[PDB]
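Listing of protein.cif; format and content: mmCIF, C-alpha atoms and all ligand atoms; chains and numbers go by the auth columns.
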data_input
#
loop_
_atom_site.group_PDB
_atom_site.id
_atom_site.type_symbol
_atom_site.label_atom_id
_atom_site.label_comp_id
_atom_site.label_asym_id
_atom_site.label_seq_id
_atom_site.Cartn_x
_atom_site.Cartn_y
_atom_site.Cartn_z
_atom_site.B_iso_or_equiv
_atom_site.auth_seq_id
_atom_site.auth_asym_id
ATOM 1 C CA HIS A 1 4.002 -22.590 -7.909 0.00 3 A
ATOM 2 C CA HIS A 2 2.789 -19.832 -5.627 0.00 4 A
ATOM 3 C CA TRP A 3 2.164 -16.435 -7.083 0.00 5 A
ATOM 4 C CA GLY A 4 4.926 -13.843 -6.988 0.00 6 A
ATOM 5 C CA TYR A 5 6.721 -11.211 -9.077 0.00 7 A
ATOM 6 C CA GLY A 6 9.035 -13.359 -11.213 0.00 8 A
ATOM 7 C CA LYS A 7 8.918 -14.310 -14.864 0.00 9 A
ATOM 8 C CA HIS A 8 6.983 -17.544 -14.308 0.00 10 A
ATOM 9 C CA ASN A 9 4.626 -16.536 -11.475 0.00 11 A
ATOM 10 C CA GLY A 10 4.387 -12.757 -11.874 0.00 12 A
ATOM 11 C CA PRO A 11 1.357 -10.516 -12.357 0.00 13 A
ATOM 12 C CA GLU A 12 0.562 -11.535 -15.931 0.00 14 A
ATOM 13 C CA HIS A 13 0.032 -15.127 -14.635 0.00 15 A
ATOM 14 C CA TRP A 14 -2.150 -14.233 -11.612 0.00 16 A
ATOM 15 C CA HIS A 15 -5.470 -14.487 -13.548 0.00 17 A
ATOM 16 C CA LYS A 16 -5.095 -18.312 -13.770 0.00 18 A
ATOM 17 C CA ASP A 17 -5.574 -18.799 -10.018 0.00 19 A
ATOM 18 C CA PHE A 18 -7.514 -15.514 -9.418 0.00 20 A
ATOM 19 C CA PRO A 19 -9.801 -14.792 -12.374 0.00 21 A
ATOM 20 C CA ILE A 20 -10.856 -11.486 -10.705 0.00 22 A
ATOM 21 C CA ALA A 21 -7.421 -10.288 -11.943 0.00 23 A
ATOM 22 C CA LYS A 22 -9.231 -9.295 -15.175 0.00 24 A
ATOM 23 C CA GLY A 23 -12.182 -7.708 -13.349 0.00 25 A
ATOM 24 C CA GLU A 24 -13.871 -4.310 -13.683 0.00 26 A
ATOM 25 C CA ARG A 25 -12.328 -2.610 -10.620 0.00 27 A
ATOM 26 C CA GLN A 26 -8.695 -3.689 -10.501 0.00 28 A
ATOM 27 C CA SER A 27 -5.864 -1.678 -9.036 0.00 29 A
ATOM 28 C CA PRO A 28 -3.529 -0.023 -9.448 0.00 30 A
ATOM 29 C CA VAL A 29 -4.220 2.527 -12.190 0.00 31 A
ATOM 30 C CA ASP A 30 -2.645 5.489 -13.880 0.00 32 A
ATOM 31 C CA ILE A 31 -3.963 8.740 -12.509 0.00 33 A
ATOM 32 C CA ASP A 32 -4.415 11.073 -15.463 0.00 34 A
ATOM 33 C CA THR A 33 -4.335 14.443 -13.744 0.00 35 A
ATOM 34 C CA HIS A 34 -6.180 16.343 -16.553 0.00 36 A
ATOM 35 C CA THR A 35 -9.049 13.827 -16.614 0.00 37 A
ATOM 36 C CA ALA A 36 -9.535 13.549 -12.819 0.00 38 A
ATOM 37 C CA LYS A 37 -12.598 15.453 -11.698 0.00 39 A
ATOM 38 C CA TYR A 38 -12.502 17.954 -8.811 0.00 40 A
ATOM 39 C CA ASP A 39 -15.346 17.043 -6.501 0.00 41 A
ATOM 40 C CA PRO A 40 -16.092 19.912 -4.094 0.00 42 A
ATOM 41 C CA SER A 41 -18.411 17.615 -2.063 0.00 43 A
ATOM 42 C CA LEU A 42 -15.422 15.550 -0.841 0.00 44 A
ATOM 43 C CA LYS A 43 -14.539 16.238 2.840 0.00 45 A
ATOM 44 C CA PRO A 44 -10.964 16.530 4.154 0.00 46 A
ATOM 45 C CA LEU A 45 -9.518 13.289 5.369 0.00 47 A
ATOM 46 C CA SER A 46 -9.281 12.794 9.079 0.00 48 A
ATOM 47 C CA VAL A 47 -6.345 10.704 10.200 0.00 49 A
ATOM 48 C CA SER A 48 -6.271 10.012 13.967 0.00 50 A
ATOM 49 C CA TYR A 49 -3.153 8.059 14.607 0.00 51 A
ATOM 50 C CA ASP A 50 -2.201 9.540 18.061 0.00 52 A
ATOM 51 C CA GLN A 51 -3.128 6.302 19.905 0.00 53 A
ATOM 52 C CA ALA A 52 -1.700 3.829 17.373 0.00 54 A
ATOM 53 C CA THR A 53 -0.226 0.659 18.812 0.00 55 A
ATOM 54 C CA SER A 54 2.296 -1.098 16.542 0.00 56 A
ATOM 55 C CA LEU A 55 2.976 -4.725 17.492 0.00 57 A
ATOM 56 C CA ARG A 56 5.175 -6.480 15.018 0.00 58 A
ATOM 57 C CA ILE A 57 7.010 -6.427 11.674 0.00 59 A
ATOM 58 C CA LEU A 58 6.922 -9.477 9.419 0.00 60 A
ATOM 59 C CA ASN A 59 8.465 -10.538 6.119 0.00 61 A
ATOM 60 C CA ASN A 60 5.597 -12.428 4.455 0.00 62 A
ATOM 61 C CA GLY A 61 7.515 -13.301 1.297 0.00 63 A
ATOM 62 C CA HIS A 62 6.010 -10.533 -0.826 0.00 64 A
ATOM 63 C CA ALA A 63 6.639 -7.420 1.250 0.00 65 A
ATOM 64 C CA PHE A 64 7.154 -6.551 4.894 0.00 66 A
ATOM 65 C CA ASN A 65 4.133 -5.552 6.952 0.00 67 A
ATOM 66 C CA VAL A 66 4.086 -3.533 10.076 0.00 68 A
ATOM 67 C CA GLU A 67 1.057 -4.685 12.127 0.00 69 A
ATOM 68 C CA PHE A 68 -1.058 -2.721 14.512 0.00 70 A
ATOM 69 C CA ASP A 69 -3.480 -3.653 17.261 0.00 71 A
ATOM 70 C CA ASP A 70 -6.904 -3.175 15.631 0.00 72 A
ATOM 71 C CA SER A 71 -8.957 -4.597 18.549 0.00 73 A
ATOM 72 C CA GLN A 72 -10.226 -1.081 19.284 0.00 74 A
ATOM 73 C CA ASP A 73 -10.577 2.362 17.637 0.00 75 A
ATOM 74 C CA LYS A 74 -7.016 3.543 18.321 0.00 76 A
ATOM 75 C CA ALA A 75 -5.686 4.497 14.848 0.00 77 A
ATOM 76 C CA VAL A 76 -8.478 5.385 12.477 0.00 78 A
ATOM 77 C CA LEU A 77 -9.225 7.054 9.196 0.00 79 A
ATOM 78 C CA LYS A 78 -12.489 8.836 8.507 0.00 80 A
ATOM 79 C CA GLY A 79 -13.746 11.614 6.293 0.00 81 A
ATOM 80 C CA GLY A 80 -12.789 12.044 2.652 0.00 82 A
ATOM 81 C CA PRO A 81 -15.003 9.786 0.493 0.00 83 A
ATOM 82 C CA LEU A 82 -15.551 7.390 3.396 0.00 84 A
ATOM 83 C CA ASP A 83 -18.658 6.646 5.484 0.00 85 A
ATOM 84 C CA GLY A 84 -17.847 5.370 8.903 0.00 86 A
ATOM 85 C CA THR A 85 -14.628 4.543 10.659 0.00 87 A
ATOM 86 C CA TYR A 86 -11.841 2.473 9.227 0.00 88 A
ATOM 87 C CA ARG A 87 -9.222 0.975 11.540 0.00 89 A
ATOM 88 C CA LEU A 88 -5.537 0.690 10.656 0.00 90 A
ATOM 89 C CA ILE A 89 -4.394 -2.938 10.599 0.00 91 A
ATOM 90 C CA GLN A 90 -1.064 -2.846 8.723 0.00 92 A
ATOM 91 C CA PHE A 91 1.199 -0.923 6.468 0.00 93 A
ATOM 92 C CA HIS A 92 3.642 -2.061 3.825 0.00 94 A
ATOM 93 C CA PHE A 93 5.544 -0.814 0.756 0.00 95 A
ATOM 94 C CA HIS A 94 6.195 -1.728 -2.853 0.00 96 A
ATOM 95 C CA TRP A 95 9.542 -0.844 -4.385 0.00 97 A
ATOM 96 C CA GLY A 96 11.798 -1.274 -7.355 0.00 98 A
ATOM 97 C CA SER A 97 15.270 -2.541 -8.293 0.00 99 A
ATOM 98 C CA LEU A 98 16.078 1.007 -9.475 0.00 100 A
ATOM 99 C CA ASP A 99 14.897 4.458 -8.359 0.00 101 A
ATOM 100 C CA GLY A 100 12.878 5.017 -11.574 0.00 102 A
ATOM 101 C CA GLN A 101 10.310 2.300 -10.792 0.00 103 A
ATOM 102 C CA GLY A 102 8.673 0.794 -7.754 0.00 104 A
ATOM 103 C CA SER A 103 5.285 2.499 -7.327 0.00 105 A
ATOM 104 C CA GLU A 104 2.022 0.734 -8.226 0.00 106 A
ATOM 105 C CA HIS A 105 0.017 3.826 -9.004 0.00 107 A
ATOM 106 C CA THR A 106 1.407 6.226 -11.469 0.00 108 A
ATOM 107 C CA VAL A 107 0.675 9.931 -12.059 0.00 109 A
ATOM 108 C CA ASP A 108 0.490 10.917 -15.733 0.00 110 A
ATOM 109 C CA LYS A 109 2.541 7.720 -16.343 0.00 111 A
ATOM 110 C CA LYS A 110 5.262 8.855 -13.923 0.00 112 A
ATOM 111 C CA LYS A 111 6.602 6.036 -11.693 0.00 113 A
ATOM 112 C CA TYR A 112 7.924 6.781 -8.194 0.00 114 A
ATOM 113 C CA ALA A 113 10.642 4.850 -6.363 0.00 115 A
ATOM 114 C CA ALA A 114 8.226 3.230 -3.989 0.00 116 A
ATOM 115 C CA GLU A 115 4.651 3.235 -2.680 0.00 117 A
ATOM 116 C CA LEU A 116 3.449 3.067 0.924 0.00 118 A
ATOM 117 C CA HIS A 117 0.077 1.407 1.627 0.00 119 A
ATOM 118 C CA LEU A 118 -1.722 2.021 4.961 0.00 120 A
ATOM 119 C CA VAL A 119 -4.487 -0.557 5.062 0.00 121 A
ATOM 120 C CA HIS A 120 -7.652 0.097 7.045 0.00 122 A
ATOM 121 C CA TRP A 121 -10.906 -1.824 7.460 0.00 123 A
ATOM 122 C CA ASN A 122 -14.489 -0.715 8.006 0.00 124 A
ATOM 123 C CA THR A 123 -15.495 -1.342 11.625 0.00 125 A
ATOM 124 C CA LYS A 124 -19.051 -1.996 10.789 0.00 127 A
ATOM 125 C CA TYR A 125 -18.003 -5.448 9.448 0.00 128 A
ATOM 126 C CA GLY A 126 -16.438 -6.508 12.767 0.00 129 A
ATOM 127 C CA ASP A 127 -13.212 -8.007 11.463 0.00 130 A
ATOM 128 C CA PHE A 128 -10.780 -7.715 8.544 0.00 131 A
ATOM 129 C CA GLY A 129 -11.804 -11.056 6.972 0.00 132 A
ATOM 130 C CA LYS A 130 -15.468 -10.021 6.691 0.00 133 A
ATOM 131 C CA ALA A 131 -14.507 -6.545 5.494 0.00 134 A
ATOM 132 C CA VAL A 132 -12.560 -7.871 2.433 0.00 135 A
ATOM 133 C CA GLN A 133 -15.825 -9.446 1.201 0.00 136 A
ATOM 134 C CA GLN A 134 -17.625 -6.080 0.943 0.00 137 A
ATOM 135 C CA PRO A 135 -17.455 -3.366 -1.737 0.00 138 A
ATOM 136 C CA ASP A 136 -16.705 -0.665 0.893 0.00 139 A
ATOM 137 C CA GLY A 137 -14.731 -2.961 3.231 0.00 140 A
ATOM 138 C CA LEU A 138 -11.270 -1.446 2.998 0.00 141 A
ATOM 139 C CA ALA A 139 -9.677 1.936 2.688 0.00 142 A
ATOM 140 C CA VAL A 140 -6.024 2.118 1.592 0.00 143 A
ATOM 141 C CA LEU A 141 -4.024 5.345 1.942 0.00 144 A
ATOM 142 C CA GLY A 142 -1.372 5.369 -0.792 0.00 145 A
ATOM 143 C CA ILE A 143 1.729 7.588 -0.416 0.00 146 A
ATOM 144 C CA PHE A 144 4.447 7.929 -3.104 0.00 147 A
ATOM 145 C CA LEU A 145 8.135 7.958 -2.150 0.00 148 A
ATOM 146 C CA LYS A 146 10.728 9.779 -4.144 0.00 149 A
ATOM 147 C CA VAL A 147 14.487 9.624 -3.554 0.00 150 A
ATOM 148 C CA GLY A 148 16.032 12.828 -2.162 0.00 151 A
ATOM 149 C CA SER A 149 16.495 13.665 1.511 0.00 152 A
ATOM 150 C CA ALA A 150 16.174 11.108 4.297 0.00 153 A
ATOM 151 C CA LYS A 151 12.846 10.719 6.172 0.00 154 A
ATOM 152 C CA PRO A 152 13.706 10.536 9.871 0.00 155 A
ATOM 153 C CA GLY A 153 10.448 8.826 10.760 0.00 156 A
ATOM 154 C CA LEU A 154 11.216 5.858 8.506 0.00 157 A
ATOM 155 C CA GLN A 155 14.666 5.143 9.994 0.00 158 A
ATOM 156 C CA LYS A 156 13.288 2.937 12.748 0.00 159 A
ATOM 157 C CA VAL A 157 11.762 0.707 10.076 0.00 160 A
ATOM 158 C CA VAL A 158 14.852 0.453 7.937 0.00 161 A
ATOM 159 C CA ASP A 159 17.035 -0.460 10.925 0.00 162 A
ATOM 160 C CA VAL A 160 15.122 -3.656 11.815 0.00 163 A
ATOM 161 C CA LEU A 161 14.934 -5.031 8.276 0.00 164 A
ATOM 162 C CA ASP A 162 18.197 -6.971 8.973 0.00 165 A
ATOM 163 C CA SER A 163 16.292 -9.022 11.590 0.00 166 A
ATOM 164 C CA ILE A 164 13.493 -10.082 9.093 0.00 167 A
ATOM 165 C CA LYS A 165 15.560 -10.727 6.005 0.00 168 A
ATOM 166 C CA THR A 166 13.847 -13.898 4.881 0.00 169 A
ATOM 167 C CA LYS A 167 10.248 -15.076 4.450 0.00 170 A
ATOM 168 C CA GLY A 168 8.465 -15.951 7.686 0.00 171 A
ATOM 169 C CA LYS A 169 10.715 -13.954 9.984 0.00 172 A
ATOM 170 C CA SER A 170 9.101 -11.542 12.430 0.00 173 A
ATOM 171 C CA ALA A 171 10.247 -9.157 15.103 0.00 174 A
ATOM 172 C CA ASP A 172 8.631 -7.166 17.912 0.00 175 A
ATOM 173 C CA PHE A 173 8.079 -3.628 16.725 0.00 176 A
ATOM 174 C CA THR A 174 6.431 -1.573 19.363 0.00 177 A
ATOM 175 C CA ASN A 175 5.966 2.139 19.805 0.00 178 A
ATOM 176 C CA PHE A 176 6.262 3.064 16.138 0.00 179 A
ATOM 177 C CA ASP A 177 4.346 6.246 15.217 0.00 180 A
ATOM 178 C CA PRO A 178 2.959 6.189 11.682 0.00 181 A
ATOM 179 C CA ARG A 179 2.468 9.996 11.715 0.00 182 A
ATOM 180 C CA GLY A 180 6.140 10.250 10.836 0.00 183 A
ATOM 181 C CA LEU A 181 5.347 8.829 7.350 0.00 184 A
ATOM 182 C CA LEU A 182 2.707 11.354 6.285 0.00 185 A
ATOM 183 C CA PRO A 183 3.349 14.287 3.920 0.00 186 A
ATOM 184 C CA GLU A 184 2.477 17.832 4.878 0.00 187 A
ATOM 185 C CA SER A 185 -0.620 18.092 2.621 0.00 188 A
ATOM 186 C CA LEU A 186 -3.520 15.636 2.717 0.00 189 A
ATOM 187 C CA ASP A 187 -4.872 16.482 -0.751 0.00 190 A
ATOM 188 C CA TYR A 188 -5.822 13.290 -2.576 0.00 191 A
ATOM 189 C CA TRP A 189 -7.259 11.437 -5.504 0.00 192 A
ATOM 190 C CA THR A 190 -9.817 8.722 -4.835 0.00 193 A
ATOM 191 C CA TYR A 191 -11.274 5.853 -6.884 0.00 194 A
ATOM 192 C CA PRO A 192 -12.915 2.429 -6.172 0.00 195 A
ATOM 193 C CA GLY A 193 -10.512 -0.453 -6.714 0.00 196 A
ATOM 194 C CA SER A 194 -8.962 -3.644 -5.413 0.00 197 A
ATOM 195 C CA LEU A 195 -6.157 -5.238 -3.405 0.00 198 A
ATOM 196 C CA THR A 196 -3.081 -5.256 -5.557 0.00 199 A
ATOM 197 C CA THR A 197 -1.964 -8.681 -4.466 0.00 200 A
ATOM 198 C CA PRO A 198 -3.882 -11.908 -4.578 0.00 201 A
ATOM 199 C CA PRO A 199 -6.650 -12.477 -3.773 0.00 202 A
ATOM 200 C CA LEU A 200 -7.217 -9.107 -5.621 0.00 203 A
ATOM 201 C CA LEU A 201 -10.638 -8.602 -4.114 0.00 204 A
ATOM 202 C CA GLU A 202 -12.567 -5.569 -5.223 0.00 205 A
ATOM 203 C CA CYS A 203 -13.189 -4.211 -1.758 0.00 206 A
ATOM 204 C CA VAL A 204 -11.002 -1.054 -1.676 0.00 207 A
ATOM 205 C CA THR A 205 -11.635 2.630 -1.633 0.00 208 A
ATOM 206 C CA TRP A 206 -8.252 4.039 -2.683 0.00 209 A
ATOM 207 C CA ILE A 207 -7.095 7.381 -1.323 0.00 210 A
ATOM 208 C CA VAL A 208 -3.810 8.361 -3.016 0.00 211 A
ATOM 209 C CA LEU A 209 -2.061 11.440 -1.700 0.00 212 A
ATOM 210 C CA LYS A 210 -0.815 13.956 -4.147 0.00 213 A
ATOM 211 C CA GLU A 211 2.284 15.001 -2.247 0.00 214 A
ATOM 212 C CA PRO A 212 5.084 12.358 -2.124 0.00 215 A
ATOM 213 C CA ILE A 213 7.434 11.960 0.774 0.00 216 A
ATOM 214 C CA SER A 214 11.218 11.936 0.344 0.00 217 A
ATOM 215 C CA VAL A 215 13.501 9.133 1.385 0.00 218 A
ATOM 216 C CA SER A 216 17.249 8.814 0.876 0.00 219 A
ATOM 217 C CA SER A 217 19.002 6.590 -1.533 0.00 220 A
ATOM 218 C CA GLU A 218 20.488 4.740 1.498 0.00 221 A
ATOM 219 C CA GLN A 219 17.045 4.155 3.076 0.00 222 A
ATOM 220 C CA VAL A 220 15.595 2.568 -0.142 0.00 223 A
ATOM 221 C CA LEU A 221 18.773 0.537 -0.641 0.00 224 A
ATOM 222 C CA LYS A 222 18.054 -1.315 2.621 0.00 225 A
ATOM 223 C CA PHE A 223 14.559 -2.365 1.336 0.00 226 A
ATOM 224 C CA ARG A 224 16.317 -3.956 -1.645 0.00 227 A
ATOM 225 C CA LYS A 225 18.450 -6.214 0.628 0.00 228 A
ATOM 226 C CA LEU A 226 15.444 -8.201 1.780 0.00 229 A
ATOM 227 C CA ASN A 227 14.687 -11.655 0.395 0.00 230 A
ATOM 228 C CA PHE A 228 11.533 -13.245 -1.224 0.00 231 A
ATOM 229 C CA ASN A 229 12.857 -16.644 -0.087 0.00 232 A
ATOM 230 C CA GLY A 230 12.973 -18.327 3.278 0.00 233 A
ATOM 231 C CA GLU A 231 16.027 -19.084 5.302 0.00 234 A
ATOM 232 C CA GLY A 232 18.358 -21.569 3.802 0.00 235 A
ATOM 233 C CA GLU A 233 16.848 -21.424 0.300 0.00 236 A
ATOM 234 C CA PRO A 234 18.603 -19.871 -2.695 0.00 237 A
ATOM 235 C CA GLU A 235 18.672 -16.016 -2.396 0.00 238 A
ATOM 236 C CA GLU A 236 16.157 -13.968 -4.493 0.00 239 A
ATOM 237 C CA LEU A 237 16.261 -10.247 -3.668 0.00 240 A
ATOM 238 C CA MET A 238 12.876 -8.678 -2.784 0.00 241 A
ATOM 239 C CA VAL A 239 12.718 -6.098 -5.547 0.00 242 A
ATOM 240 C CA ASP A 240 10.119 -5.019 -8.037 0.00 243 A
ATOM 241 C CA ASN A 241 7.180 -6.260 -5.858 0.00 244 A
ATOM 242 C CA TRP A 242 4.707 -4.020 -7.731 0.00 245 A
ATOM 243 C CA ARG A 243 1.768 -4.754 -9.950 0.00 246 A
ATOM 244 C CA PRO A 244 1.552 -2.806 -13.236 0.00 247 A
ATOM 245 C CA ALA A 245 -1.309 -0.357 -13.916 0.00 248 A
ATOM 246 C CA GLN A 246 -4.632 -1.925 -14.842 0.00 249 A
ATOM 247 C CA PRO A 247 -7.399 -0.625 -17.140 0.00 250 A
ATOM 248 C CA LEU A 248 -9.581 2.082 -15.599 0.00 251 A
ATOM 249 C CA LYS A 249 -12.663 0.764 -17.443 0.00 252 A
ATOM 250 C CA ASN A 250 -15.865 2.423 -16.310 0.00 253 A
ATOM 251 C CA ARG A 251 -14.380 4.420 -13.350 0.00 254 A
ATOM 252 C CA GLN A 252 -13.858 8.069 -12.563 0.00 255 A
ATOM 253 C CA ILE A 253 -10.955 9.340 -10.436 0.00 256 A
ATOM 254 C CA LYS A 254 -11.976 12.247 -8.223 0.00 257 A
ATOM 255 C CA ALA A 255 -9.631 14.850 -6.826 0.00 258 A
ATOM 256 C CA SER A 256 -10.055 16.707 -3.540 0.00 259 A
ATOM 257 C CA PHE A 257 -8.253 19.812 -4.923 0.00 260 A
ATOM 258 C CA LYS A 258 -8.183 21.920 -8.119 0.00 261 A
HETATM 259 CL CL CL B . -0.953 -9.238 3.055 0.00 301 A
HETATM 260 ZN ZN ZN B . 0.275 -2.696 -1.260 0.00 302 A
#

Show me this structure written as structure tokens.
Amino acid sequence: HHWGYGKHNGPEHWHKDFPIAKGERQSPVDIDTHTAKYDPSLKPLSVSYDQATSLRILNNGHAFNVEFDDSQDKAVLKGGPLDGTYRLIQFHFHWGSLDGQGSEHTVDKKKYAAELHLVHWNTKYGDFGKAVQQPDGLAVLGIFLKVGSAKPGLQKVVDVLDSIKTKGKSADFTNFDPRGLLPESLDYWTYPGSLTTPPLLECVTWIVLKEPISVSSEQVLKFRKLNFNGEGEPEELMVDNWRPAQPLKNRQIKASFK
């Protein structure tokens, strides 16, 4: 009985193995755009992904991750609400069975078709595993996807998904440029929160971009052909791998824009 997204092991069950599921700084949340406070002290984000080195793509049974070489300061995020330099380690997505759901964060209760997470860790802590134990250990860039026109920069990703259909499969995935996934504007909301999968550690500064990117219906359809299960086991389609919005409790969402 490992956690997942089904009826018997899904997010409303996670608290039994991970009591921090009911904590004070759980993610994701609904971003109420009228209640978010403009904070003119927030700096622009600085995303330096020109030297990024992708290595590999892996189906880990909950999502697919694209992994980057984080042994040096090659793809980093700084600025915004952050102090110091955060290195990119992986990205992944959450998506739905239908185009009207899939995102983890919502905006005035609006759900998007999917959500991209670019996960970065604070270099002062030396490695990813030490970083997840700290309140300012991680910074996740969240980007909403809506269905419309195709995103050329994502096509490379969707074309290898056939080679990692089932849990545990990996494939070489070099020379992928994550700059092709960014929107035009870098305006954002930010709030302190958590990983949205177990172990749900409260170590994340969330930076959620206001402007979604567009993907085509055909592109998101290929995500939905992946499997939660391993090879040879009964087929369960990897769909609806998103955690519902959690209570904001004592937190303020700040916006970089008015
Ligand atoms: Cl993971
Ligand atoms: Zn995620």

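Nearest-residue note for residue 155 in chain A: choosing from A:195, A:222, A:118, A:53, the minimum distance belongs to A:222, counting only C-alpha atoms.
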
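Residue nearest ligand CL 301 (chain A) within the list A:112, A:64, A:182, A:17: A:64 [criterion: smallest interatomic distance, all atoms listed in the file].
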
(request) Return the single residue from A:254, A:111, A:45, A:96 that is closest to ligand ZN 302 (chain A), with distances computed using only C-alpha atoms and all ligand atoms. (result) A:96

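Within 12 Å of residue 158 in chain A, once all atoms listed in the file are used and residues closer than 4 positions along the same chain are dropped, the contacting residues are residues 153, 154, 162, 163, 164, 179, 180, 181, 183, 184, 218, 219, 221, 222, 223, 225 and 226 of chain A.
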
(message) Assuming the chain letters and numbering stay as they are in my file, what does the PyMOL selection byres (((chain A and resi 123) around 7) and not hetatm) actually select? List them as a PyMOL selection string.
(response) chain A and resi 88-90+121-122+124-125+131+134+140-142

(request) Pick out the residues sitting within 7 Å of residue 108 in chain A, and hand them over as a PyMOL selection string; count only C-alpha atoms, and ignore anything fewer than 5 positions along from it in its own chain. (result) chain A and resi 31-33+113

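Candidate residues A:72, A:84, A:103, A:19 were compared for distance to residue 129 in chain A, and the nearest is A:72, using only C-alpha atoms.
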
Will you model N, CA and C atoms for range 174-190 of chain A and pass it back as a compact mmCIF listing (two decimals), keeping the file's coordinate frame?
# COMPACT_ATOMS: atom_id res chain seq x y z
N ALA A 174 9.60 -9.83 13.98
CA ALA A 174 10.25 -9.16 15.10
C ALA A 174 9.27 -8.20 15.79
N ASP A 175 9.41 -8.09 17.12
CA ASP A 175 8.63 -7.17 17.91
C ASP A 175 8.90 -5.78 17.37
N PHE A 176 7.87 -4.95 17.30
CA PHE A 176 8.08 -3.63 16.73
C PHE A 176 7.07 -2.72 17.32
N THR A 177 7.33 -2.37 18.57
CA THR A 177 6.43 -1.57 19.36
C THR A 177 6.81 -0.13 19.33
N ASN A 178 5.83 0.70 19.64
CA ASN A 178 5.97 2.14 19.80
C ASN A 178 6.40 2.89 18.54
N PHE A 179 6.03 2.34 17.39
CA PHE A 179 6.26 3.06 16.14
C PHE A 179 5.08 3.99 15.83
N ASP A 180 5.36 5.24 15.50
CA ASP A 180 4.35 6.25 15.22
C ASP A 180 4.23 6.48 13.73
N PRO A 181 3.14 6.04 13.14
CA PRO A 181 2.96 6.19 11.68
C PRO A 181 2.76 7.64 11.16
N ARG A 182 2.62 8.59 12.07
CA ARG A 182 2.47 10.00 11.72
C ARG A 182 3.75 10.51 11.10
N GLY A 183 4.88 9.85 11.39
CA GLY A 183 6.14 10.25 10.84
C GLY A 183 6.24 9.91 9.35
N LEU A 184 5.26 9.24 8.76
CA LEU A 184 5.35 8.83 7.35
C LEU A 184 4.46 9.68 6.47
N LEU A 185 3.71 10.61 7.06
CA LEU A 185 2.71 11.35 6.28
C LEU A 185 3.37 12.59 5.65
N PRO A 186 2.92 12.99 4.45
CA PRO A 186 3.35 14.29 3.92
C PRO A 186 2.65 15.40 4.67
N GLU A 187 3.01 16.63 4.31
CA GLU A 187 2.48 17.83 4.88
C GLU A 187 1.01 18.08 4.44
N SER A 188 0.73 17.91 3.15
CA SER A 188 -0.62 18.09 2.62
C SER A 188 -1.34 16.75 2.60
N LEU A 189 -2.64 16.80 2.85
CA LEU A 189 -3.52 15.64 2.72
C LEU A 189 -4.48 15.71 1.50
N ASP A 190 -4.14 16.52 0.52
CA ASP A 190 -4.87 16.48 -0.75
C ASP A 190 -4.71 15.12 -1.45
